[PDB]
Amino acid sequence: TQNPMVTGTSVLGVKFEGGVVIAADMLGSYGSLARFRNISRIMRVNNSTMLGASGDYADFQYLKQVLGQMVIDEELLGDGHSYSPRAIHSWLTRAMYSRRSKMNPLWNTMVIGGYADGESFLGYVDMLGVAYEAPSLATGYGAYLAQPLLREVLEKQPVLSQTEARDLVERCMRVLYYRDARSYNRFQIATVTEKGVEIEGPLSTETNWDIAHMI
Amino acid sequence: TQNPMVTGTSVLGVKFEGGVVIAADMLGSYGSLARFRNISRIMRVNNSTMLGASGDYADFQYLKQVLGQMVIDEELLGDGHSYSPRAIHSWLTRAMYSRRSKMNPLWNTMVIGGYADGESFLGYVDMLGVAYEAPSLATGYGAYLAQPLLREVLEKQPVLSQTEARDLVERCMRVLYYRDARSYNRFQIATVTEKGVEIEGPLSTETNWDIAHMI
Amino acid sequence: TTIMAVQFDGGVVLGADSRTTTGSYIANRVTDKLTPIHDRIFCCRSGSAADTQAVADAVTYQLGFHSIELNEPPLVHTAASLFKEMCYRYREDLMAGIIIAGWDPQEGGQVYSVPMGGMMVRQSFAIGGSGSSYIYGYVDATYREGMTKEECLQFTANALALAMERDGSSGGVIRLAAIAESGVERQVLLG
Amino acid sequence: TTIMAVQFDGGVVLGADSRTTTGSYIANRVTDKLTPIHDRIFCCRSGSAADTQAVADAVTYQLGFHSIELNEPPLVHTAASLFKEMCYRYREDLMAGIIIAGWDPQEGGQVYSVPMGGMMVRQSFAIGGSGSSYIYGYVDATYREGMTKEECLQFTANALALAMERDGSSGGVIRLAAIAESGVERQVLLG
Amino acid sequence: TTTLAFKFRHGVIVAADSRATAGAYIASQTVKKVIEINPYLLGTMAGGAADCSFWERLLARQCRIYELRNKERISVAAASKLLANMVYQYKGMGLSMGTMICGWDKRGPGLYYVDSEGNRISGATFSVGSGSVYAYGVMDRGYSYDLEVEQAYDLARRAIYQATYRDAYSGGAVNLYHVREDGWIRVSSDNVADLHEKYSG
Amino acid sequence: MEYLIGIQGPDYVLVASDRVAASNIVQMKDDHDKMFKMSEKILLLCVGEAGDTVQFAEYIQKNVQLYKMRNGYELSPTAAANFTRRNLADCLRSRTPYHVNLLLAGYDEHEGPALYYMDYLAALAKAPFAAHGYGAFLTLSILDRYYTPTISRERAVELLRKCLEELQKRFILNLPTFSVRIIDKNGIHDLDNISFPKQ
Amino acid sequence: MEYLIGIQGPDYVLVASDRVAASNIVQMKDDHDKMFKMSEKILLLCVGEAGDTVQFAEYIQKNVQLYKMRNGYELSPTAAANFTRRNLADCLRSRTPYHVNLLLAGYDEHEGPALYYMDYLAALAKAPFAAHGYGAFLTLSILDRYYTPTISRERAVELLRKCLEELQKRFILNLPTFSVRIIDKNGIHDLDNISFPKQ
Amino acid sequence: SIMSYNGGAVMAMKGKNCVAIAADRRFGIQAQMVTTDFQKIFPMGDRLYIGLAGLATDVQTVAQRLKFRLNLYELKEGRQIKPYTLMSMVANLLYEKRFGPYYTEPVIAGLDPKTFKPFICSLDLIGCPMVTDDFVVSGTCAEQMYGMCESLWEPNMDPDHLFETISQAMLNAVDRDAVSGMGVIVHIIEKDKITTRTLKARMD
Amino acid sequence: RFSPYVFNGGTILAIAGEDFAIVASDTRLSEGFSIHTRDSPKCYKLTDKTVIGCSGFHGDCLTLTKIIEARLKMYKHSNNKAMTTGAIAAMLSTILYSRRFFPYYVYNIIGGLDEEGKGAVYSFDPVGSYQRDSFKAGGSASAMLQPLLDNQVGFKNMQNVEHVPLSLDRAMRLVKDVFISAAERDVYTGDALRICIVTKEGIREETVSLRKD
Amino acid sequence: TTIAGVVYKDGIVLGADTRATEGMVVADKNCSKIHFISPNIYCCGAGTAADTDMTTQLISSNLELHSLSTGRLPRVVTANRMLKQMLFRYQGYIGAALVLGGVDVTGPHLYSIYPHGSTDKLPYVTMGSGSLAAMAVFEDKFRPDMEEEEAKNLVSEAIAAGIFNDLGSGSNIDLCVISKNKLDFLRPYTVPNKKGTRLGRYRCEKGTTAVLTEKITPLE
């Protein structure tokens with residue numbers, strides 16, 4: 001991929017006590033035109049791991065196709081083994097690194113959240129094969145905008161409950177609505193626990209415009 | 001002018017027995033967007049000569065401003081002298097040639113029609129200062145499209161009456177509506193005689209689409 | 001070039017202009033921009049002419065061979081899947097604006113969108129082409145859930161006529177098609 | 001950026017979004033895109049920010065000095081003539097999308113258009129900006145000759161809200177202004 | 001294009017061809033490439049047609065005024081220097097000029113070389129042109145300071161003939177001037193096709 | 001840049017080259033040899049790029065020797081010259097073209113002496129004298145002046161000395177020494193080396 | 001390309017240049033002079049572009065002579081050198097820059113001998129020896145090897161001959177002749193011309 | 001251009017029962033000549049020749065590949081080749097190098113092997129054949145050769161006036177060209193015999 | 001972006017006679033792959049003994065012609081006489097060189113009578129170098145006309161042909177035949193042929209049609 | 001280069017011109033631009049002259065192979081499908097602009113083919129450089145289901161409009177009339193451009209050219 005046609009935008013993610021919560025919006029902008037304003041950008045992998053992505057969307061449907069097959073292919077064995085969320089983060093790294101070495105990359109930036117064996121997991125994957133783990137992640141402009149709000153709380157308080165974490169994302173999703181030209185006031189929140197993967201519906205934000213009456 | 005923003009299109013013109021008839025449409029296209037669909041592109045100079053133009057329209061309003069002043073400045077003398085249509089064709093040539101020599105040209109292509117002393121006049125002016133006379137003229141794509149229809153009649157019959165000439169333009173304006181991507185179904189016809197300059201209103205064409213039922 | 005697709009309760013309604021241009025000259029004054037694939041599935045194409053003609057013949061070859069094996073009428077989602085495979089694989093080589101619509105026995109009317117990238121999405125209504133940006137704010141202020149067939153024929157006719165009036169690459173004549181369980185009603189309109 | 005101007009029987013109605021962006025980042029969340037020149041003449045500006053601020057201060061200096069000499073209220077056509085002189089002369093240097101509207105004692109309501117080229121034309125209604133192409137087919141199917149003032153405030157509010165929903169460089173909050181013989185009614189709207 | 005000039009005991013010999021091309025197309029065969037400045041100065045045309053024609057005519061306009069004011073002819077080193085300063089003001093603007101200045105002086109014979117780059121140099125033998133390097137071989141093998149008059153005529157006429165043979169941009173006739181103490185004198189002008197029968201035997 | 005010369009006689013071929021192997025300012029080697037004995041009556045002179053001279057000309061060198069051992073007799077100088085032209089033209093429209101300039105000197109028992117010319121675009125020519133390099137411009141008009149088809153081998157060495165001293169006079173490169181061969185009915189004979197006391 | 005050399009002694013300055021005025025292959029003039037007597041104890045050596053050498057150095061030549069006629073006494077070699085640097089640096093940021101390389105040789109009655117170095121970017125330096133051109137690379141390490149600050153003028157001509165013969169050996173250009181000056185308490189004296197019998 | 005790297009000129013002209021063909025002799029790199037005996041006209045059987053012009057590499061290369069295909073043709077068939085058959089053979093050889101093309105433009109002239117009928121044609125550098133009835137030309141100095149042949153050609157000419165026409169056409173057109181000259185050779189063939197003459201041209 | 005030149009075609013021919021001069025040109029004005037007009041002669045009567053032709057970029061041909069006609073009047077009120085043929089050729093070289101760094105794209109040939117009553121032809125280049133010749137052909141079809149006139153007028157490459165000078169009537173049919181052969185092979189040539197003849201009795205004009213394709 | 005076609009009430013009339021140029025010099029005064037395909041199908045060529053020649057012979061070879069194996073008359077849609085699928089594989093490198101026409105069992109069919117592989121079925125088409133001038137005559141003077149001589153008059157008028165535009169021809173307007181049973185092919189249908197006569201004496205002498213070396217070789 002040399003020219004991303006239909007792109008998404010920033011994706012957030014943060015650990016908490018016993019799970020990982022991830023949010024992203026529902027917009028398929030084409031340049032500046034917000035052409036596809038009802039799409040899903042979060043894929044529920046089997047029961048513990050969970051994927052959201054940014055960048056080109058046609059490339060995202062390709063990885064949605066390939067990862068969908070690999071999960072089915074292990075469940076048909078029935079040997080009691082599944083892919084850990086760290087294993088998906090390992091496989092996806094080698095897929096991206098091999099793809100840029102042919103100089104024909106996949107224009108994406110992906111966030112992998114997972115909860116297995118009582119342990120949360122939150123991983124980053126770049127287009128160029130740069131991958132790491134962190135207690136809080138943000139892609140796009142959210143690495144410039146929402147990322148300082150995430151780190152200030154986690155340094156002042158290292159662990160978070162579920163209601164604290166979910167409330168904190170809605171604040172950061174509000175701020176991205178004010179100052180990102182590719183944002184949209186309709187997003188969805190996905191959350192892994194030990195109970196499984198759950199995806200909330202098309203939520204919305206609440207804006208303030210009292211400074212408009214000022215000069 | 002290096003980049004023409006708002007442009008017109010082809011302008012026709014043909015002599016007849018005792019006058020010159022000129023037609024052009026009423027469209028102000030911006031690239032492919034037909035942004036200004038009600039404008040006039042034919043200027044009535046004093047009583048004998050008459051001007052239509054193509055190319056950039058903001059440059060046309062400049063020459064509409066300057067020529068408008070020169071005609072007023074001679075009428076205030078009251079010495080019984082006026083500019084002949086050949087004199088306007090001479091002046092406008094030197095204005096265009098001097099302008100390209102500074103490498104800052106006027107993006108136009110202009111057709112001057114005039115009737116004085118029992119003689120018709122029909123002159124061409126290029127952006128680069130190329131000027132000539134002809135019994136029939138066409139700018140734009142009309143030099144490729146409507147010009148062979150003009151020359152076939154004038155070689156088979158050198159003189160034309162007024163009803164023959166006016167009918168012949170409406171045929172050529174019809175053909176430009178079929179196969180020009182910047183055309184528009186609303187045009188106006190201006191005509192000089194010994195009675196003066198007369199400009200007809202926003203006329204329209206009549207199209208045929210019987211070949212659409214064919215495969 | 002402007003193409004149009006609206007589903008309703010019975011089936012779908014398609015529509016397009018003609019005016020195949022080349023630069024600023026109209027090469028073809030009247031053009032079938034909509035193309036049959038199977039008896040119930042059409043597509044309307046945009047972008048490069050020689051590319052989209054080559055793709056639509058390949059999908060008709062593959063889908064037409066595929067239904068004779070199953071001895072079943074094909075799914076509309078199956079047809080939209082085949083355009084996605086050719087466009088995503090041969091991206092950086094093609095400029096295709098395919099919209100697939102048609103009636104299905106399992107699912108009724110459906111409308112799918114395959115833009116130049118290679119993605120696929122189902123929509124209630126879909127437009128495309130060069131002159132699609134102009135009627136783009138008219139269409140969602142005028143759209144209303146739960147139309148009849150005759151309203152959708154009136155809806156797309158007024159929708160295409162605004163871009164055809166305005167866009168220089170669009171215009172010509174309006175070609176419409178209504179696909180339902182009964183048959184295919186194709187008509188040529190001007191107004 | 002999307003700007004709007006509609007005349008009616010009494011006077012004119014103006015309107016714009018805010019969202020001054022820079023690349024893909026919004027620098028200014030709320031912005032007065034419409035600017036007073038005299039007591040009855042406004043303009044709404046588009047294109048480069050630093051260019052159109054510099055032009056509007058020069059025209060206000062020239063027109064404000066010009067009316068004190070005549071001891072008369074200025075004409076709207078006089079104000080639109082001054083923008084044409086600066087834009088045509090300093091073309092290849094500026095990117096200005098000026099629309100001039102306002103009430104006049106001699107002529108009532110008027111709307112003029114000065115695009116990036118430097119030409120000037122009077123229109124019944126005029127739009128402009130980057131997100132102007134999207135509502136561009138909505139506006140001429142919805143426009144109707146002989147509106148009242150309250151219809152035009154309803155007309156431009158629905159017209160701007162479609163581009164503000166859609167265009168990424170547009171949105172924010174709606175600023176409106178009604179200019180008539182009586183006064184100037186400015187209001188800030190969201191909906 | 002091929003010119004040459006050399007000085008010896010009895011003055012200066014100037015010779016040149018007469019072919020002017022335009023790309024691969026021959027414009028003419030009768031181009032006078034030796035510009036007669038004065039009855040006592042000669043200049044050549046090598047590289048650029050109107051450039052060598054204009055500035056040497058402007059030099060001839062200049063030396064006449066010097067003669068009227070000072071009641072004396074200009075020296076050869078002076079006329080070479082005035083042409084060098086006029087061209088140097090247009091350095092880099094794309095002039096082509098490679099001429100030579102010939103003439104008798106109070107110091108004796110005079111031979112200077114002038115470029116469009118500003119290479120004002122003196123010397124004894126020079127050869128300028130596209131086929132110039134074909135002339136340096138045959139001339140320097142036969143050159144002596146103590147040549148006779150008729151011997152030096154045969155040397156320069158041979159040297160242009162060998163240059164027009166190998167080079168493609170050189171042909172036409174072969175002009176030949178002789179600079180004497182009183183003034184220059186035209187010697188002859190021979191066609192190459194006539195010299196081909198003479199030299200082959 | 002470097003120099004070759006090809007004086008052809010009635011029953012002999014006189015060839016000479018230079019002995020310089022410079023590197024961009026300095027002159028690394030002053031006794032370099034550019035002469036390749038293809039056979040007992042055929043020489044080969046090669047001027048070109050830094051690597052393409054040794055790689056190409058040794059490929060022709062060992063391939064003509066294969067013809068001798070396998071058939072038992074020697075190639076003619078005409079066929080040996082016309083085999084080399086086939087190898088550049090085939091290897092021209094490829095990712096690896098050779099950029100060398102050649103000239104061939106041979107003696108035949110049936111056809112007498114022969115001289116051939118070769119461009120880097122692989123064009124053959126049958127010439128009574130030839131030269132390569134930048135010094136080819138200054139010198140071949142001298143050789144065009146005093147050439148006689150019925151010339152003796154003593155005059156040819158003298159005409160070679162006239163041809164080289166003007167290259168000592170008006171040529172910017174140094175070029176002090178010049179190796180000389182001669183080919184006749186007997187074989188390749190080496191004449192004495194030509195050097196120059198300048199001043 | 002062409003060559004300059006600057007051996008400085010305890011009470012003398014030994015300078016030498018070459019005599020070549022070539023044109024792109026051929027060597028048009030072999031007795032060219034690059035030495036400019038600014039005054040009775042100051043020389044000037046100029047190496048650069050085709051036109052900028054004669055135009056600039058004669059501008060300095062006639063301008064120092066104006067100082068002599070108007071004041072009645074002569075410039076020092078220090079001030080004369082430091083006036084030239086002012087003229088390049090002013091004329092550098094302009095549409096007409098001069099591209100020449102200079103070195104200055106002077107004798108003072110109060111300060112003894114002096115040698116200065118000049119770049120085309122107008123940088124001054126006070127050096128015990130200097131050189132310009134491509135031959136400056138090969139030769140100045142020889143001159144760095146055998147230099148002694150207390151050296152006699154007979155050894156300096158001998159050290160100059162060592163410095164030039166290796167440029168005759170491993171330098172691609174021809175350069176046969178070399179003109180030599182010397183400056184002492186009396187004035188500019190011309191030593192004999194240096195030429196080379198090569199082989 | 002690459003066609004202007006070595007120069008060249010080939011002309012053919014049809015007579016009454018005979019046909020003539022001519023070419024120059026100069027070989028040289030862009031401005032420096034090398035020799036004056038470069039062959040550009042090659043015999044392909046009896047009463048049928050071919051002329052080549054353009055890049056001197058592809059002149060010698062195509063003339064050897066075409067001779068390779070001709071001798072295999074005239075052994076699988078006992079007959080000789082017809083002139084139309086050679087034109088179809090050459091156009092096949094040029095079009096195979098469609099995107100790596102040889103830089104030459106051939107000219108074919110000859111008689112019928114059975115009857116007396118003359119034949120002339122010329123091809124492009126990718127193999128578009130073109131038969132005429134009066135003359136064909138190729139080379140760098142093409143426009144000079146059109147100006148002479150449009151004025152001097154007559155319909156039915158004996159071998160005497162055919163020789164004088166193509167001589168005056170080649171001598172006057174090539175002397176106006178810079179990179180062509182140094183002698184002109186002329187083949188005039190007919191049913192009974194083949195005449196080869198060389199003309200007295202300007203050697204400058 | 002904006003380029004200040006364009007090519008318009010045309011072909012100019014001049015022949016210096018013994019006591020006459022003939023200047024001829026076609027009347028086709030073209031651009032690219034179009035025909036602007038079929039009636040645009042390139043001849044211009046400067047004086048009663050001098051005709052100029054102008055080819056190349058047509059916008060410079062209209063400008064340069066009007067500059068020359070102004071300076072003819074400036075000579076005459078300052079010197080009480082008309083310019084000669086050789087004086088105009090000397091003046092034009094200064095005018096063309098005056099825009100050396102933004103040149104006229106015009107090829108010029110001046111034909112006319114000298115002060116002795118003989119023909120004189122001066123050819124030019126776009127920068128202003130000139131020489132006196134006996135015949136020149138300028139324009140687009142210049143390469144198709146020079147080799148033929150060398151054969152007929154100059155008698156080059158001919159053996160045992162005497163040199164009779166060109167009469168007036170023989171020179172007319174040479175001009176009429178070279179343009180028929182030129183109109184077959186050149187695309188920028190046709191539709192008419194305007195011929196001007198300068199003698200000691202005035203200037204005659206004559207028009208011969210050509211093929212119209 | 002100007003080619004055009006039309007569909008009248010019974011068949012198809014094709015038209016072309018007779019000039020091939022190189023640069024801006026007329027190389028050929030008579031070039032056949034209407035190519036044979038089958039005894040019912042013909043094709044007009046425009047663009048690169050060698051690319052149209054080699055393409056129109058390959059498809060004419062395969063349809064002769066196909067129809068002789070089938071045993072019946074070919075179809076125009078078969079020739080369309082071969083051409084548009086060949087040219088798409090070369091990505092428009094082969095510059096060929098074609099007008100395809102013929103009469104099948106189904107009736108007359110006219111196509112226009114662009115060098116990238118886009119095809120159109122139309123009642124009348126024009127291709128080539130002078131196509132804009134010829135489309136003027138069609139769009140002014142076409143009516144459906146014309147007669148025989150009415151159609152031949154229209155195409156000969158439309159080609160002549162391109163000839164008196166630039167890059168026309170040394171005019172020999174060609175016509176190929178294809179009907180259900182009768183096939184016509186007319187090379188000199190109209191010759192409007194006549195070269196004027198030569199009015200000069202060009203006396204050549206047997207011996208006015210010097211010869212250095214003669215050579216005689218007999219034959220049999």
# chains A, B, ... in the order shown; residues from 1 in each chain; ligands from 1
call {"tool": "residues_around", "arguments": {"residues": "residue 111 (chain I)", "least_positions_apart": "3", "cutoff": "8 Å", "atoms": "only C-alpha atoms", "output": "PDB file with N, CA, C and O atoms, in the first residue's frame"}}
result
ATOM      1  N   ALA I  14      13.222  33.922 -51.930  1.00  0.00           N
ATOM      2  CA  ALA I  14      13.689  35.106 -52.631  1.00  0.00           C
ATOM      3  C   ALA I  14      14.787  34.738 -53.612  1.00  0.00           C
ATOM      4  O   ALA I  14      15.606  33.860 -53.337  1.00  0.00           O
ATOM      5  N   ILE I  15      14.791  35.412 -54.761  1.00  0.00           N
ATOM      6  CA  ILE I  15      15.783  35.203 -55.811  1.00  0.00           C
ATOM      7  C   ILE I  15      16.245  36.564 -56.306  1.00  0.00           C
ATOM      8  O   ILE I  15      15.425  37.372 -56.753  1.00  0.00           O
ATOM      9  N   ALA I  16      17.546  36.819 -56.236  1.00  0.00           N
ATOM     10  CA  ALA I  16      18.118  38.041 -56.784  1.00  0.00           C
ATOM     11  C   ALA I  16      18.389  37.841 -58.265  1.00  0.00           C
ATOM     12  O   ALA I  16      19.209  37.000 -58.643  1.00  0.00           O
ATOM     13  N   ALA I  21      14.082  41.252 -58.632  1.00  0.00           N
ATOM     14  CA  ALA I  21      14.053  40.425 -57.441  1.00  0.00           C
ATOM     15  C   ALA I  21      12.640  39.900 -57.274  1.00  0.00           C
ATOM     16  O   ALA I  21      11.672  40.627 -57.501  1.00  0.00           O
ATOM     17  N   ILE I  22      12.530  38.635 -56.889  1.00  0.00           N
ATOM     18  CA  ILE I  22      11.250  37.957 -56.757  1.00  0.00           C
ATOM     19  C   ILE I  22      11.134  37.429 -55.341  1.00  0.00           C
ATOM     20  O   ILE I  22      11.977  36.645 -54.903  1.00  0.00           O
ATOM     21  N   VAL I  23      10.090  37.845 -54.633  1.00  0.00           N
ATOM     22  CA  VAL I  23       9.821  37.375 -53.281  1.00  0.00           C
ATOM     23  C   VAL I  23       8.463  36.697 -53.278  1.00  0.00           C
ATOM     24  O   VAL I  23       7.469  37.292 -53.707  1.00  0.00           O
ATOM     25  N   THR I  50      11.901  47.631 -52.181  1.00  0.00           N
ATOM     26  CA  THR I  50      12.285  46.716 -51.115  1.00  0.00           C
ATOM     27  C   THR I  50      11.056  46.010 -50.573  1.00  0.00           C
ATOM     28  O   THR I  50      10.100  46.662 -50.150  1.00  0.00           O
ATOM     29  N   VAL I  51      11.088  44.682 -50.587  1.00  0.00           N
ATOM     30  CA  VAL I  51      10.034  43.846 -50.030  1.00  0.00           C
ATOM     31  C   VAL I  51      10.673  42.923 -49.002  1.00  0.00           C
ATOM     32  O   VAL I  51      11.737  42.349 -49.257  1.00  0.00           O
ATOM     33  N   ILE I  52      10.043  42.795 -47.840  1.00  0.00           N
ATOM     34  CA  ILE I  52      10.534  41.931 -46.778  1.00  0.00           C
ATOM     35  C   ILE I  52       9.542  40.793 -46.571  1.00  0.00           C
ATOM     36  O   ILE I  52       8.346  40.926 -46.847  1.00  0.00           O
ATOM     37  N   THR I  85      18.370  49.644 -50.073  1.00  0.00           N
ATOM     38  CA  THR I  85      18.156  48.261 -49.670  1.00  0.00           C
ATOM     39  C   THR I  85      19.199  47.834 -48.650  1.00  0.00           C
ATOM     40  O   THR I  85      18.868  47.197 -47.645  1.00  0.00           O
ATOM     41  N   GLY I 119      19.589  43.088 -58.511  1.00  0.00           N
ATOM     42  CA  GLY I 119      18.948  42.401 -57.413  1.00  0.00           C
ATOM     43  C   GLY I 119      19.866  42.226 -56.222  1.00  0.00           C
ATOM     44  O   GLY I 119      21.089  42.175 -56.337  1.00  0.00           O
ATOM     45  N   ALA I 120      19.251  42.142 -55.047  1.00  0.00           N
ATOM     46  CA  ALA I 120      19.991  41.995 -53.804  1.00  0.00           C
ATOM     47  C   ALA I 120      19.114  41.272 -52.799  1.00  0.00           C
ATOM     48  O   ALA I 120      17.971  41.673 -52.574  1.00  0.00           O
ATOM     49  N   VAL I 121      19.646  40.209 -52.206  1.00  0.00           N
ATOM     50  CA  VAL I 121      18.925  39.403 -51.231  1.00  0.00           C
ATOM     51  C   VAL I 121      19.772  39.303 -49.976  1.00  0.00           C
ATOM     52  O   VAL I 121      20.946  38.933 -50.047  1.00  0.00           O
ATOM     53  N   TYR I 122      19.180  39.636 -48.834  1.00  0.00           N
ATOM     54  CA  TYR I 122      19.845  39.549 -47.544  1.00  0.00           C
ATOM     55  C   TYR I 122      19.078  38.578 -46.664  1.00  0.00           C
ATOM     56  O   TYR I 122      17.908  38.814 -46.355  1.00  0.00           O
TER      57      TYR I 122
END
call {"tool": "residues_around", "arguments": {"residues": "region 74-83 of chain A", "least_positions_apart": "3", "cutoff": "9 Å", "atoms": "only C-alpha atoms", "output": "PyMOL selection string"}}
result
chain A and resi 46+48-49+69-71+86-88
call {"tool": "write_last_selection", "arguments": {"atoms": "N, CA, C and O atoms", "output": "PDB file, in the first residue's frame"}}
result
ATOM      1  N   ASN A  46     -11.170 -14.069  19.801  1.00  0.00           N
ATOM      2  CA  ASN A  46     -11.987 -15.147  20.354  1.00  0.00           C
ATOM      3  C   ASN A  46     -12.678 -14.953  21.706  1.00  0.00           C
ATOM      4  O   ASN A  46     -13.903 -14.792  21.746  1.00  0.00           O
ATOM      5  N   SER A  48     -10.438 -13.646  24.775  1.00  0.00           N
ATOM      6  CA  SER A  48      -9.585 -12.916  25.690  1.00  0.00           C
ATOM      7  C   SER A  48      -8.922 -11.725  25.038  1.00  0.00           C
ATOM      8  O   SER A  48      -8.813 -10.670  25.661  1.00  0.00           O
ATOM      9  N   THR A  49      -8.497 -11.867  23.796  1.00  0.00           N
ATOM     10  CA  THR A  49      -7.832 -10.803  23.072  1.00  0.00           C
ATOM     11  C   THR A  49      -8.805 -10.085  22.147  1.00  0.00           C
ATOM     12  O   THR A  49      -9.890 -10.575  21.839  1.00  0.00           O
ATOM     13  N   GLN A  69      -9.507 -16.417  10.269  1.00  0.00           N
ATOM     14  CA  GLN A  69      -9.340 -17.800   9.858  1.00  0.00           C
ATOM     15  C   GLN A  69      -8.462 -18.567  10.835  1.00  0.00           C
ATOM     16  O   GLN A  69      -8.741 -19.732  11.130  1.00  0.00           O
ATOM     17  N   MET A  70      -7.419 -17.919  11.362  1.00  0.00           N
ATOM     18  CA  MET A  70      -6.473 -18.593  12.249  1.00  0.00           C
ATOM     19  C   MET A  70      -7.116 -18.995  13.567  1.00  0.00           C
ATOM     20  O   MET A  70      -6.740 -20.009  14.162  1.00  0.00           O
ATOM     21  N   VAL A  71      -8.068 -18.200  14.045  1.00  0.00           N
ATOM     22  CA  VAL A  71      -8.751 -18.529  15.287  1.00  0.00           C
ATOM     23  C   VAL A  71      -9.674 -19.720  15.083  1.00  0.00           C
ATOM     24  O   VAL A  71      -9.769 -20.603  15.945  1.00  0.00           O
ATOM     25  N   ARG A  86      -0.545 -12.279  23.945  1.00  0.00           N
ATOM     26  CA  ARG A  86       0.839 -11.989  23.604  1.00  0.00           C
ATOM     27  C   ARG A  86       1.256 -12.704  22.330  1.00  0.00           C
ATOM     28  O   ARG A  86       2.125 -12.213  21.604  1.00  0.00           O
ATOM     29  N   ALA A  87       0.644 -13.848  22.036  1.00  0.00           N
ATOM     30  CA  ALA A  87       0.981 -14.572  20.820  1.00  0.00           C
ATOM     31  C   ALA A  87       0.445 -13.879  19.581  1.00  0.00           C
ATOM     32  O   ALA A  87       1.096 -13.906  18.534  1.00  0.00           O
ATOM     33  N   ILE A  88      -0.735 -13.268  19.679  1.00  0.00           N
ATOM     34  CA  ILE A  88      -1.261 -12.486  18.569  1.00  0.00           C
ATOM     35  C   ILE A  88      -0.398 -11.258  18.339  1.00  0.00           C
ATOM     36  O   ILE A  88      -0.142 -10.863  17.196  1.00  0.00           O
TER      37      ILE A  88
END
call {"tool": "select_by_dssp", "arguments": {"residues": "region 8-198 of chain I", "states": "helix (DSSP H, G or I)", "output": "ChimeraX atom specification"}}
result
/I:58-79,85-97,142-144,146-152,168-185
call {"tool": "closest_atom_pairs", "arguments": {"of": "chain B", "to": "chain C", "cutoff": "7 Å", "atoms": "only C-alpha atoms", "output": "CSV"}}
result
residue,atom,partner,partner_atom,distance
B:32,CA,C:168,CA,5.2
B:33,CA,C:167,CA,5.6
B:34,CA,C:166,CA,5.7
B:179,CA,C:26,CA,4.9
B:180,CA,C:25,CA,5.3
B:181,CA,C:24,CA,5.0
B:182,CA,C:168,CA,5.9
B:212,CA,C:30,CA,5.9
call {"tool": "residues_around", "arguments": {"residues": "residue 27 (chain I)", "least_positions_apart": "5", "cutoff": "7 Å", "atoms": "only C-alpha atoms", "output": "list in words"}}
result
residues 38, 39, 40, 41, 42, 191, 192 and 193 of chain I
